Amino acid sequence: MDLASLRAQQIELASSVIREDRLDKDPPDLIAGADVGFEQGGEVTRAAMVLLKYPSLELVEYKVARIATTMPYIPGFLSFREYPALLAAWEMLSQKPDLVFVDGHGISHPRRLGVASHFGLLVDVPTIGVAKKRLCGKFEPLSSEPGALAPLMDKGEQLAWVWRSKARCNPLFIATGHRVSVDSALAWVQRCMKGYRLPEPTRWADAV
């Protein structure tokens, strides 16, 4: 069972996610944005990484990796196909960021191991999940103003902050990836806003 040991790996990694602040460099000098997806109906995994300066939020570099998908889609295990592409893009970076924002779920994931937690943990860098849609859990519907804020709850636990970053946009689901608390994850995303729906690092990562 490659399937039973996949599952085993998963619950171990979910266990090892750090849910408290552990930045080695606060404030960061350099942050990064990350995006992953699939091309060729799943045969190629593509990941984009972006480096910005903090606090300016200036683009200084970006890199795209494309690799062949080696694992097929298996429900619950998307982070294992996504992870290798993010790793490849990461290793193209000419310097390493102090904090990483991933376009995707942190612990706010059925298995507590969204791609942002998966990546953050294997690479061991402070990481935040900035997701565009709910995956699991529940929240009190948000009022329509910018700054509307509700906790995302599952099983008695807060997995994320649901935060309307911008008027007339759908909200963000901001969760710890690795080595960032849920409340600091929100704080850091808010610090990395300019005038769009997404914070700059993942906006940039999607744009390249």
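The numbering used is simple: start at 1 and walk along the sequence shown.
Here 8 to 16 and 195 to 203 are compared by their mean Cα B-factor, and 8 to 16 comes out higher. Relative to one another, 176 to 184 and 149 to 157 have unequal mean CA B-factors, and 149 to 157 is the one with the higher figure. Per the deposited record, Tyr73 carries the highest C-alpha B-factor of all listed residues (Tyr73, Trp90, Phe119, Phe101). Residue-level temperature factors show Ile107 in the middle third of its chain, judged at the C-alpha atom.
Among the modelled residues of the chain, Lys96 sits in the middle third by CA temperature factor in this PDB entry.
Among the modelled residues of the chain, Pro27 sits in the highest third by CA temperature factor in this PDB entry. Ranked against the other modelled residues of its chain, the C-alpha B-factor of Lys132 as given in the entry falls in the middle third. When all modelled residues of the chain are sorted by CA temperature factor, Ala34 is found within the lowest third.
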